Structures are given as C-alpha cells and as structure tokens.
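Chain naming here is simple, since letters A, B, ... match the order of the sequence lines and numbering starts at 1 in each.
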Amino acid sequence: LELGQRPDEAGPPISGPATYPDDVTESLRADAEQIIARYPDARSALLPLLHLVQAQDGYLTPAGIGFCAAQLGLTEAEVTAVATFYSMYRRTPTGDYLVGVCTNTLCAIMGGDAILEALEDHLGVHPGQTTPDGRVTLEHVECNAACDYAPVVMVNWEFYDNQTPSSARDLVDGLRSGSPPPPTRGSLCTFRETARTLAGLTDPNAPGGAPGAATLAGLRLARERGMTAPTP
Amino acid sequence: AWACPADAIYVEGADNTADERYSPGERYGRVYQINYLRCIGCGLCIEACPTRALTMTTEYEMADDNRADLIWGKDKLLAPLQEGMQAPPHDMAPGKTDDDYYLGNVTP
Amino acid sequence: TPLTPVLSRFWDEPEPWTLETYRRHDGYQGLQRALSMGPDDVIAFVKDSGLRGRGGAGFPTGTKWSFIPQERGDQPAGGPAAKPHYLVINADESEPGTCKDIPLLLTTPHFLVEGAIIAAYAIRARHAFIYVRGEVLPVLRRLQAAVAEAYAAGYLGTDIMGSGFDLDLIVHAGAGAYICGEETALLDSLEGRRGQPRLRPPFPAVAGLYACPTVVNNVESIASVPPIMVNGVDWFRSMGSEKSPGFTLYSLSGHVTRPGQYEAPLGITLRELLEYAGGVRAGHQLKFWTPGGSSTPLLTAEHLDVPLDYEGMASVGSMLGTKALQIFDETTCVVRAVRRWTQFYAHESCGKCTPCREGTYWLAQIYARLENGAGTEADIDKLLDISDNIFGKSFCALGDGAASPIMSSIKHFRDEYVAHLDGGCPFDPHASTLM
Amino acid sequence: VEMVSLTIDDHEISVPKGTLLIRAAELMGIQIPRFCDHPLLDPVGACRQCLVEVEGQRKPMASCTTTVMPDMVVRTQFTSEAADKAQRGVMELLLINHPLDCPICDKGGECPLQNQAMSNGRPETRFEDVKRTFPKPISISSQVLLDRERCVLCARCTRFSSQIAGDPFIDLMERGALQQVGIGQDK
Amino acid sequence: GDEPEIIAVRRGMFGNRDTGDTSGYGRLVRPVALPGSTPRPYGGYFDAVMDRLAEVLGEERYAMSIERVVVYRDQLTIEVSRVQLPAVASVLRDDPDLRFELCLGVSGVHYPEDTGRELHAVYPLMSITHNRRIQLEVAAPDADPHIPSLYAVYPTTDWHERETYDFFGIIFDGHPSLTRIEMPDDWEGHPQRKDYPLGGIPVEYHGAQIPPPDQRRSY
Ligand SMILES: Cc1cc2nc3c(=O)[nH]c(=O)nc-3n(C[C@H](O)[C@H](O)[C@H](O)COP(=O)(O)O)c2cc1C
Ligand code: SF4
Ligand code: SF4
Ligand code: SF4
Ligand code: FES
Ligand code: FES
Ligand SMILES: [Zn+2]
C-alpha cells in the first residue's frame with residue numbers, strides 16, 4: 001500500500017528497527033517509571049521519554065515511538081508529531097559526537113559560516129551527516145545563547161567558545177580520534193550519555209563549567225572601574 | 001466537457017502510472033468521447049482546456065448513417081502520431097517532468 | 001550610567017554555583033524574608049518593585065503573579081476545590097543574540113532556584129517547573145545539581161523553612177525549538193505536545209499547564225527577585241526609571257571588543273555600554289545592532305545614545321526584548337544578516353499559522369535571491385509587502401519577530417538593499433570574522 | 001439566553017453570549033473567508049484567513065476565534081480596507097506553495113481554496129520563487145490519499161480526528177514550512 | 001414596506017444549493033434581495049417622470065397605485081400595484097408630459113421564493129417624443145395569478161401577454177383571448193416556471209449518458 005511518507009524525503013522520516021527486544025524494553029520501562037513518576041500528568045514526560053529512547057538508539061526510531069506511545073497511552077501518530085517537531089530528536093544514526101557549528105546570524109557573521117565550511121570540507125561530510133568512522137556527526141545549529149563566545153562550536157551539547165576554523169578542525173580531529181579537547185564550558189560525554197542526561201537520569205555532578213571570559217567581562221570592568229551595586 | 005453548453009463531451013480521468021503512462025502528471029483522459037450530434041462547434045471547450053490538448057482543426061467533413069457513428073471516441077480524435085513520437089504508453093522523456101512539458105521544454 | 005554587578009557579583013569566585021558560595025553572600029536570605037511575609041504580601045512587594053518581565057515582553061511581574069486566582073477569603077472552596085497553581089520558569093533562552101539566561105544559570109543557578117521558590121510561594125503553587133532548553137547541557141547539569149542541593153538543604157519539598165509551605169521543583173529539559181520559549185508554547189511542550197502556542201484567551205493565568213492556573217517567567221525576571229527581597233523595593237527602584245526600574249544583563253556580542261554580560265541599570269545607553277566594552281571592533285564603525293535579540297527591529301548609529309529601556313526603545317520603534325545587543329559594523333552586510341535571521345525564523349517556525357509558515361519561507365527565498373546574483377528592485381517592495389502581511393497577522397509574536405528584522409533593515413538601508421541588485425552582495429564575508 | 005448586541009460592518013445584530021464573530025457574520029449574511037474554522041470543531045485560528053478589524057484592537061482578530069462581547073464594532077473585508085488587505089495577504093501566502101493542480105485535483109470545482117481565492121485573492125501570482133514540494137499522493141490508509149502540497153495545514157482533519165472522533169492516528173508532523181499531516185510511520 | 005424583495009435565500013458559501021461538498025461551510029445565510037426603493041432624487045429624467053406622474057395621479061391615487069420605485073443601473077423600475085395597472089398605464093401613455101407611446105412588450109419572471117409576489121410581469125415602456133424609457137413591474141401571487149391586461153392601452157401587449165401566460169400562467173384578465181401562442185393548446189404546465197422541469201433527456205455516449213443540466217450539480 002505504501003502507507004506513510006516515502007523513505008527518501010525531507011529530513012528522513014522516523015525509520016529503523018520496528019521494535020526493541022524484550023530486555024531492552026524492560027530497561028526502558030525501568031527508566032520510564034522514574035521519568036513518569038516526576039510529573040503531574042503522564043504525557044508531560046513525553047519529551048524526556050523520547051530522549052530516553054533516543055538514548056537507547058543513536059536516534060529516534062519507530063521502536064522508540066512505539067515504546068513512548070505504549071507508556072503514555074498515546075497513538076504512534078501523536079508521539080511522532082511531538083517527536084518530529086523538535087530538532088534535538090535526531091532522525092538518523094548519530095555519531096559518538098554531535099558537532100554543531102552555530103550558524104546563527106551573529107555567530108556565522110562573526111566567523112561561524114567559515115567554521116562550518118571548513119569542517120564540512122575537512123570531515124568530508126555535510127551538516128547532518130555522520131562520518132564513516134561513526135565518531136562525529138556534523139550539524140549546523142541555530143543560536144545557542146552563547147553569542148558572546150562567538151564562533152561557538154557545540155559538541156554533544158557542550159560548549160566550545162571562540163572557535164577559529166583551525167581550532168574547529170583540530171577539535172573535530174580530536175573527537176574523531178581518541179581524545180578530544182575539553183569543552184571550554186562543560187564536560188563532554190558520549191551522545192547517548194547526553195540523551196540520558198536530557199532525560200534527567202545522568203548524574204548532574206559532572207565537573208567543568210567555569211564562567212569564562214565573556215560572562216565575567218562586565219564584572220571585571222566594574223571592579224577595574226569601581227562600579228558596584230549601590231547599597232540597601 | 002465542463003464548459004460545453006451542449007453536454008457534447010464526456011471525459012473520464014484515470015491515473016498515470018509507471019507501468020502505463022499516457023500524459024505527464026497524475027491524471028489523463030482514459031475515455032474521451034464527443035457527441036457530434038450534440039456539439040455546436042462553439043469552441044468553449046477549447047477556451048476551457050488548460051493544456052491545449054483539445055484544439056479545433058479545420059477539417060469539417062463529417063456525416064454518418066448511424067446515430068452512434070457520430071459519437072467520436074478518443075481513438076478517433078487523437079492526432080496522428082507524428083514523426084519522432086513514440087507510443088502513448090511510455091514514461092516521461094528522461095529527466096523531464098510535467099512542468100517541463102507545460103513550459104514547452106520537451107523534444108522527441 | 002555605571003555597571004551594577006548584582007547577579008554578576010559572585011562570578012569570578014571559586015565555583016560560585018555551590019550553595020555554600022551562594023550562602024556566603026546573603027544567599028537564600030530573600031527566601032526567608034518572603035516566607036515570613038504573606039503570599040499576597042510578597043506579590044504586592046514585588047509589584048511595587050516594578051520588576052518588568054525580563055523575557056521579551058516586559059509585563060510587570062507583580063500583576064502577572066496577582067492574576068492567579070488565589071482562593072483567599074476564609075477558604076470557602078466547599079464545592080469544586082481550587083485546581084493547583086503552577087510556576088513554570090522559562091529557562092529556555094533561544095532568541096538569537098540572547099545569552100544572558102545561560103551564563104546566569106551556569107554560574108549562579110541558585111539565584112533562580114531561590115527566586116523560583118519565592119515565586120511559587122507568591123502564587124502558592126505546589127509545583128514548579130524550570131523548562132530549560134536542551135543544547136545547553138552544561139546549564140542543565142548545573143540546574144539539576146542546584147535543585148538537588150536545594151532539596152538537600154530543605155529549601156524544596158515540604159515544610160520549607162518551617163513555614164508550612166510545600167513545593168516540588170522539576171527541571172524539564174526541553175528539546176530543540178525556539179518557539180517553546182513563548183508562554184502557552186512552553187506549556188504545550190511541557191505537557192508533552194507539539195511546542196505550538198495556544199489561543200488566548202484562555203490565558204495562562206486562568207488556565208495554563210494542564211488547564212490549571214500558571215505563571216511563566218523568564219529566569220532573569222526570577223533571579224532578580226532575591227536581590228529585591230534582601231535589598232528591598234527602594235534599592236531596586238533607585239536604578240532605571242519609574243516606568244522601567246531595575247537592573248538587567250546586557251549580552252554585548254557581535255563586532256565589539258570585550259563582548260560579554262554587563263549588569264547595568266535599565267536605560268543605560270549603548271554609547272556607555274560600548275565605552276565600557278571599549279567600542280566596536282577596532283578600525284570599524286557601528287553599522288547596525290539589535291537592542292534585543294533578532295526579534296527586535298534593527299538600530300543604527302543614530303540611536304547610539306537612546307536609552308536601553310522599555311520606554312526608550314518604544315520611543316524609537318524597537319523593542320528592548322532580551323537586551324541581546326547584537327553589534328555589527330561596516331564589514332557586515334545588512335542583507336546577509338537579515339537573510340540569516342529569516343532563515344532562522346523559517347527553520348524555527350512552528351508552522352501553525354499561514355502568515356508565518358508561508359511568508360517566512362517566501363522571504364527566505366527572496367533574500368537568497370538577493371544575496372545571490374538574482375534579485376530585482378521590485379523584490380524590496382515585495383519584501384516589505386510580505387513583512388506587512390506577516391506582522392500582526394501571524395498567530396503568535398514569532399511572526400512579528402520575523403518581520404521586524406526585514407522591516408527595520410529596509411527602512412534603514414534600502415540603499416544597501418538596492419546595491420545588492422547590482423549582481424549580489426558586494427561585501428566580502430571574510431572581512432567580518434572577529435579574525 | 002443572554003443576548004449580546006454588536007455591529008458587524010455598519011449593521012447591528014444580537015446573538016447568544018459566546019457566539020464567535022464568524023458565526024455572527026454568517027448569520028447576518030457576510031462571507032468572511034475561512035479555512036481552519038469549523039462550526040463543529042473547537043476554534044483554532046490557525047490559518048489566519050478570517051481576519052477582521054475590531055474596534056479598539058490594534059491587530060486584526062481571527063473572526064473564527066473572537067468571541068462576541070457587548071457593544072463591539074467589527075468591519076470585515078467588505079468595509080475594512082485593512083481587514084481586506086490582511087485577508088488577501090493571507091490568501092497569497094496560502095497559494096504561493098500550493099500546486100498548480102486544479103485540473104488534476106479532485107477537489108477542483110468544489111474547492112473552498114479556489115472559491116475564496118477568487119473572491120478574496122489577487123488576480124495573479126507575485127511569487128516567482130520555488131514552491132515547496134512533497135512526493136504525492138501518499139496513502140494514509142486503504143481509503144484516504146494525502147497530497148501534502150495542497151494541504152493548507154488548517155488542521156481540520158487532525159482536529160476532527162481528535163475532538164469529534166477519538167482517533168488521533170494522524171497529526172501535524174515536522175515543523176515550520178515542512179509541517180505536514182501524517183500518520184505515524186506505517187500505522 | 002421598504003424592505004427589499006428576497007427572491008431566494010442562499011444557504012452556505014460557494015452557492016451550494018444543498019448540503020455542500022465540504023463540511024462546515026453551510027452555515028451562512030445570505031438572502032437574495034433585489035434593490036429596494038430608491039430614496040428620492042431619482043437620477044436624470046426619472047424624477048422628472050415620476051414627479052409628473054405623481055402630479056397627474058392624486059396623492060392618494062399615486063400612493064395606492066405605485067408600490068415602489070427602484071432605480072438600478074440607471075434604469076427606472078416602477079413596481080406598480082396590481083389592479084391599478086391599467087390606470088397607471090393609461091396615464092403614462094396619454095399624458096403629454098409622459099407620453100410613453102411605445103410599450104415594448106411584457107415579460108414574465110417567476111420568483112417562487114417571493115411570498116405572495118411569485119409572478120412579476122415587466123412592461124418596458126418608451127416615450128419616443130421625450131426619448132425616455134421605464135419599466136413597470138406588477139407582482140401577482142401564485143394562487144391568484146390574475147393581472148389586469150393592458151390591451152385597451154397597449155395593443156402590442158396582446159401577444160406578449162399571451163406568451164407570458166403560456167410560459168407562466170399569469171392570467172391577464174380582460175385580455176380578448178389568452179390562448180397559448182408558443183406551446184400547443186393541449187400542453188400541460190407553464191414551461192418558464194421554475195416548478196416546471198427542464199424536460200431534457202440524457203445525452204448518449206458509448207457506454208454512458210449525461211443527464212440534462214437540471215439534474216446534475218450546480219452552484
Ligand atoms: C517566539 C517567542 C519566543 C520566546 N522565547 C523566549 C525565551 O526563549 N525565553 C524567555 O524568557 N522568553 C521568551 N519569550 C517571551 C515569553 O513571553 C516570556 O518568556 C514569558 O512570557 C515570561 O516573560 P517575563 O518573565 O519577562 O515576564 C518568547 C516569546 C515569543 C513570542
Ligand atoms: S465545440 Fe466543443 S465546447 Fe462547443 S459544443 Fe462542441 S464539444 Fe462542446
Ligand atoms: S507565527 Fe504562527 S507559524 Fe510562526 S511560530 Fe508563531 S504560531 Fe507558529
Ligand atoms: S489535510 Fe488536514 S491540515 Fe491539510 S488542508 Fe486538509 S484538513 Fe487541513
Ligand atoms: S548567535 Fe550563536 S549562540 Fe547565539
Ligand atoms: S478560519 Fe479563522 S484563522 Fe482560519
Ligand atoms: Zn549581502
């Protein structure tokens with residue numbers, strides 16, 4: 001009959017393994033119980049729950065959609081509608097690191113477009129495509145609210161501030177290779193680890209996250225020029 | 001047929017498919033009859049047609065002894081298969097698409 | 001005016017995000033001060049403070065809180081019990097150029113948590129949610145850690161500070177969508193639906209999350225609460241002006257030396273902020289800039305001295321927005337920047353309503369033609385006509401935000417837009433790259 | 001049966017409390033263009049086709065969603081040039097991505113889009129750019145064929161399948177210009 | 001009354017005559033009103049005509065005879081009251097200031113949805129001396145389709161009044177002989193009435209047939 005979208009179309013429709021094995025669903029339900037228990041309404045836990053299935057695979061698949069529908073009593077259509085709406089729910093097997101150059105107006109014009117072009121030419125892949133080594137998946141992301149840290153390069157949703165194109169290619173080489181340079185502001189972890197973190201399950205005590213230069217510039221200038229909060 | 005004041009055109013559409021394609025695009029006129037004992041030669045059909053598939057020739061000789069012989073079907077009306085043309089049931093010209101046909105960007 | 005470190009005060013300290021570091025500087029004192037006062041007392045206390053909402057709109061925080069229909073009286077709800085109130089904190093910060101909430105959350109998230117608790121008390125909401133955009137995973141980790149610490153220290157849960165108050169706080173990690181930042185879209189996304197805006201009415205005050213009363217506040221508007229609690233209303237009012245008092249974070253970014261967050265009183269002029277930052281990138285001049293994020297109409301040199309406050313921006317037609325202060329100089333092409341913004345809006349549109357969904361697509365294509373060789377003089381008039389057809393007509397304000405860059409850019413640089421008809425963008429992208 | 005009186009265009013009428021502007025304008029004989037509105041569906045105001053100028057309101061208001069208040073004044077495209085401009089612009093934006101499919105579209109002749117583009121549309125295209133395109137048609141069941149390019153994304157199908165029938169097996173999917181009515185994967 | 005005549009009440013958008021092919025569009029109620037009486041300063045010679053008429057007739061006779069005055073597209077219609085038609089026509093023809101010598105005929109028009117006013121006879125009159133023209137309109141019910149014949153005033157009407165009867169059944173009482181002129185004397189029904197079916201036959205085609213236009217859908 002050919003029901004549903006054609007497989008080769010737009011951003012790839014949710015496709016992949018039709019269902020998870022028994023034990024996989026056992027673990028998924030074990031985590032989903034905790035995810036559901038924290039909301040006044042079951043459906044409220046859909047966005048976390050989707051991350052959880054995106055944590056099981058490298059990307060959303062029909063199996064994840066089915067599990068979320070079964071847990072929340074929804075239809076696969078409603079779950080798909082919610083899932084396809086948000087960009088963070090990748091729809092292709094994602095590499096060990098999702099490297100997204102912020103191509104927004106400011107970051108791009110501050111140099112981000114050069115970052116993205118250089119990375120695309122170096123990795124040999126276009127944004128949204130995974131490297132054959134399966135370690136990096138390039139992307140171009142909208143504003144990440146790190147505009148001060150211009151040409152910001154995002155990696156597994158950690159920050160890399162003030163990235164030059166050379167710095168960007170060094171960073172992607174490090175990621176595809178064994179050891180990557182640390183995030184300028186954040187603690188890097190594998191993509192599936194980030195998925196479990198967005199689900200609210202990862203241990204939040206991970207190190208890193210110093211203020212950095214831009215977050216302080218104002219306070220530094222105030223101190224160097226004797227400014228302060230006036231007084232009670 | 002919509003525009004014909006005399007209800008002298010009968011058209012049934014049908015789907016074009018890869019196994020059998022008669023026109024560019026999703027629809028084609030599988031059945032196309034003109035009842036020339038109802039056609040008044042007004043020409044509104046022509047002005048109605050959006051593809052120029054329907055034209056009016058200058059050929060006029062027509063008369064028959066049967067009421068039914070003057071209900072001319074699709075196979076009587078289709079223009080002669082000019083040189084460079086192939087049989088109607090075939091895929092579009094390679095790489096071309098219905099838009100390429102309507103813009104006139106097609107050749108044998 | 002001078003910078004005024006209030007939230008930025010703690011930063012540059014060792015691991016300021018910790019609860020010990022926060023306590024060392026009058027942390028969670030404001031929560032106690034509020035908890036001593038009556039809920040309506042706290043609402044009035046904030047309302048007198050003004051504290052206009054720091055996320056986009058600028059609506060007074062106090063009135064927004066008061067609109068929640070408190071039972072009050074003698075507790076006469078003998079029939080259908082009053083449905084629970086909710087405090088959904090909007091930690092989503094997706095407006096382009098807007099990077100004030102993220103640093104605040106990462107460095108000293110407790111300002112929020114504290115304030116959030118206070119806000120929950122003010123509206124008497126038994127539950128509170130901090131909807132924080134994903135893609136800031138460091139910030140999400142910081143915020144989860146802060147909330148866990150708050151639970152450990154008895155500031156969240158039940159019998160908070162022995163006030164009889166109970167409050168459970170949840171950090172919801174939103175997936176990727178700019179539109180989720182709007183109230184009633186934040187709510188649908190938190191309810192596990194497509195992050196699309198709802199109708200209004202019914203407003204969130206009467207029926208928001210789960211059709212129950214809700215108040216959505218930007219993280220800046222909340223984290224500004226503990227300061228006014230501890231330092232009083234009079235301290236807050238000394239800053240800014242009567243029609244827009246207080247302090248705000250300004251995310252100086254773009255072609256500027258020393259970009260970063262500057263905590264300054266409302267009404268600080270861009271001249272003063274550039275002087276503090278040291279001015280635009282050396283050797284170039286301010287060409288254009290956005291007071292708020294991209295959602296706000298562009299500004300140019302002729303407004304360098306116009307105050308950065310709600311009334312001041314309304315005085316020029318721009319909206320203060322989120323105090324993003326994106327800065328661009330001679331090297332940048334207005335058409336190029338506006339094209340990228342239109343691309344962002346087309347990508348981030350929820351698609352719900354015809355004006356935004358279709359017009360943003362069309363404008364993105366028109367700008368693509370402009371930047372490329374194609375493009376005609378009639379194309380500028382078409383851009384303006386389409387923007388007019390989007391502005392006001394779109395279901396939510398995202399359409400207005402999409403139209404604003406286009407309309408302001410044409411109004412200020414029709415000359416450059418025309419010059420782009422010569423065969424494309426004359427500018428060389430390499431020249432604008434913060435090296 | 002509290003009756004609220006209001007003037008639509010120049011004329012005046014009185015209608016039950018809570019009646020929508022579009023319903024009142026129907027009752028008084030005025031065809032406000034509309035796609036997403038449906039009397040039996042909860043109003044959604046999505047397509048923005050039904051905009052009208054309302055006294056005291058800066059923005060045009062979707063007549064399909066504007067509950068009638070006492071003493072309101074409203075001016076449709078028949079008397080408000082601003083409302084006319086709003087509706088015509090929405091119509092244009094509605095047609096730019098629409099396929100040139102009328103001869104092959106089954107809805108041809110009975111299409112509300114055709115009729116309301118005649119009554120409330122510009123004479124000719126202003127859109128010289130590239131239209132959005134989907135592979136079409138695609139079956140969402142054994143019975144129903146979906147043509148996403150022609151979809152004006154009014155959500156009436158989805159809103160019906162949720163509100164009227166408890167069968168949300170289609171929904172609006174994807175985002176932005178790419179939004180499309182769809183079934184889950186193959187269900 | 002000054003309220004217009006509604007000859008039909010369209011239901012729903014797009015001119016659907018029935019439920020409609022798309023749901024939710026059928027709730028509009030658009031009455032089909034002909035133009036109402038023109039306010040007073042009728043354009044051009046129309047005032048000059050009507051005033052003169054109002055002078056030749058009395059105030060009472062004028063008010064009882066002329067039911068309405070409708071100027072539309074610079075064409076003057078005098079919706080005259082039944083029974084009084086011969087008097088008004090005589091005044092128009094005879095009065096030197098009006099002197100509408102030439103009555104161009106009579107045309108029936110059927111409005112089944114106009115209560116008590118189903119059948120309208122239209123009399124185009126022209127005054128050659130004054131180079132003027134107007135249209136009288138006399139409305140009669142379906143149950144009492146009788147109208148006074150103008151034969152004594154306009155002999156030209158005799159055939160027209162006949163055709164109009166044949167086609168509508170408007171009984172011009174006082175006409176010498178209202179025999180059918182177009183249709184056979186034994187013909188049943190009055191074809192130009194809407195109630196009369198079009199009486200077509202399906203058009204034949206190889207393997208199919210098209211029903212007449214009155215059966216197939218319309219908008
Ligand atoms: C498209 C759109 C996106 C928005 N995104 C945000 C956002 O990311 N963060 C934010 O604080 N406000 C955002 N807003 C403004 C919200 O209205 C605001 O968060 C909420 O109403 C509370 O505002 P307040 O805290 O200033 O009182 C957005 C508004 C629109 C229309
Ligand atoms: S000429 Fe064409 S339109 Fe006219 S009656 Fe004949 S078939 Fe119909
Ligand atoms: S303007 Fe309309 S389409 Fe755009 S984001 Fe808002 S609701 Fe969605
Ligand atoms: S398919 Fe659904 S959303 Fe699209 S036009 Fe039809 S009813 Fe509207
Ligand atoms: S412009 Fe890229 S993070 Fe804001
Ligand atoms: S019919 Fe009202 S907005 Fe669509
Ligand atoms: Zn350019």
So, C:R9 side chain and C:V6 main chain: donor-acceptor pair closer than 3.5 Å or not? yes
Derivation of the side-chain contact (heavy atoms from CB on, under 4.5 Å) call for C:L252 and C:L273: CA-CA 8 Å; C:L252 276 291; C:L273 281 175; 4.1 Å; yes
Using a 4.5 Å cut-off on heavy atoms from C-beta on, say whether the side chain of C:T269 contacts that of C:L308. no
State, yes or no, whether a side-chain contact exists between C:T290 and C:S318 at a heavy-atom distance under 4.5 Å. no
Of the non-hydrogen atoms in A:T215 and C:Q261, which two are nearest, and what is the gap between them? CA-NE2, 3.6 Å
Could you tell me whether a side-chain N or O of C:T108 sits under 3.5 Å from a main-chain N or O of C:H110, the two making a donor and an acceptor? no
Would you sort out whether C:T214 and C:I68 count as a side-chain contact (heavy atoms from CB on, under 4.5 Å), showing the intermediate values? CA-CA 7 Å; C:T214 309; C:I68 295 287; 5.6 Å; no
Can you check whether A:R185 reaches C:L106 side chain to side chain, under 4.5 Å on heavy atoms? yes
Scan side-chain atoms only and decide if C:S221 and C:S224 contain a donor-acceptor pair under the 3.5 Å cut-off. no
Mind checking whether C:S251 and C:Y262 have side chains closer than 4.5 Å, heavy atoms only? no
What are the two closest non-hydrogen atoms of C:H284 and C:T331, and how far apart are they? CD2-CG2, 3.2 Å
Would you compute the distance between atom OG1 of C:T248 and atom CG of C:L7 and round it to the nearest 0.5 angstrom? 10.0 Å
Ignoring hydrogens and angles, state whether a donor on the side chain of C:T61 or C:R52 is under 3.5 Å from an acceptor on the partner side chain. no
Any idea which heavy atoms bring C:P291 and C:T296 closest together, and the distance? CD-OG1, 3.3 Å
Please test C:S66 against C:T63 for side-chain hydrogen bond (donor to acceptor under 3.5 Å, both in side chains), starting from the C-alpha separation and ending with a verdict. CA-CA 5 Å; C:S66 82; C:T63 68; 5.6 Å; no
Donor-acceptor under 3.5 Å (C:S404 side chain, C:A402 main chain): no
So, C:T257 side chain and C:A277 main chain: donor-acceptor pair closer than 3.5 Å or not? yes
Looking at C:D329 and C:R281, does any basic side-chain N land under 4.0 Å from a carboxylate oxygen? yes
Spacing of C:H255 atom NE2 and C:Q326 atom CD [to the nearest 0.5 Å]: 11.5 Å
Could you state the interatomic distance from CZ (D:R48) to CG (C:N389), rounded to the nearest 0.5 Å? 13.0 Å
Under a 3.5 Å distance rule, please check whether A:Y149 uses its side chain to pair with a backbone N or O of A:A214 as donor and acceptor. yes
Parallel, tilted or perpendicular for C:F288 and C:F413, by the 30°/60° rule? perpendicular
Please round to the nearest 0.5 Å and tell me the distance separating atom NZ of C:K393 and atom CE of D:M61. 14.5 Å
Tell me yes or no: between the side chains of C:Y276 and C:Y250, is some donor less than 3.5 Å from an acceptor? no
Counting only N and O atoms by type, is there a donor-acceptor contact under 3.5 Å from the side chain of C:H420 to the main-chain atoms of C:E416? yes
Grab the two heavy atoms, one from C:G62 and one from C:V46, that are nearest each other, plus how far apart they are. N-CG1, 4.3 Å
With a 4.5 Å heavy-atom cut-off, do A:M110 and A:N162 have their side chains touching? no
Take C:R200 and C:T184 through the side-chain hydrogen bond (donor to acceptor under 3.5 Å, both in side chains) test and state the conclusion after the steps. CA-CA 9 Å; C:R200 292 190 288 275; C:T184 72; 2.8 Å; yes
Any C:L112 side-chain heavy atom under 4.5 Å of C:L104 side chain: no
So, C:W341 versus C:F328, ring centres under 6.0 angstrom or not? yes
Could you walk me through whether C:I410 and C:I380 pass side-chain contact (heavy atoms from CB on, under 4.5 Å), step by step? CA-CA 8 Å; C:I410 305 316; C:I380 298 92; 3.8 Å; yes
Taking atom CZ of C:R237 and atom CG of C:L51, what is their separation to the nearest 0.5 Å? 10.5 Å
To the nearest 0.5 Å, what is the distance between CG on C:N90 and CG on C:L190? 10.5 Å
Donor-acceptor pair, distance only, cut-off 3.5 Å: does the side chain of C:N217 make one with the backbone of C:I222? no
Between C:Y361 and C:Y345, is the gap from one ring center to the other below 6.0 Å? no
Could you tell me whether a side-chain N or O of C:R357 sits under 3.5 Å from a main-chain N or O of D:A177, the two making a donor and an acceptor? no
Flag side-chain contact, heavy atom, 4.5 Å: C:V306 against C:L270: no
Given the rule in the side-chain contact (heavy atoms from CB on, under 4.5 Å) test, do C:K100 and C:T322 qualify, once you have shown the distances and angles that lead to the verdict? CA-CA 8 Å; C:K100 53 171 193 85; C:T322 64; 4.0 Å; yes
Return yes if some donor-acceptor pair links the side-chain N/O of C:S238 with the main-chain N/O of C:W235 below 3.5 Å, else return no. yes
Please find the pair of heavy atoms, one from C:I102 and one from C:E93, that lie closest to each other, and give the distance. N-OE1, 3.0 Å
Step through it carefully: locate the ring centre of C:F203, locate the ring centre of C:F67, and say whether they are under 6.0 Å apart. no
Side chains of D:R175 and C:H347: does their closest heavy-atom pair fall under 4.5 Å? yes
Using 4.0 Å as the upper bound for N to carboxylate O, is an ion pair formed by C:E182 and C:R198? no
Backbone N/O of C:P5 and side chain of C:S8: donor-acceptor pair under 3.5 Å: no
Per the side-chain contact (heavy atoms from CB on, under 4.5 Å) rule, which among C:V335, C:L370, C:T342 passes with C:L383? C:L370
Could you pull out the closest heavy-atom pair between C:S253 and A:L106, with the gap in Å? OG-CD1, 3.3 Å
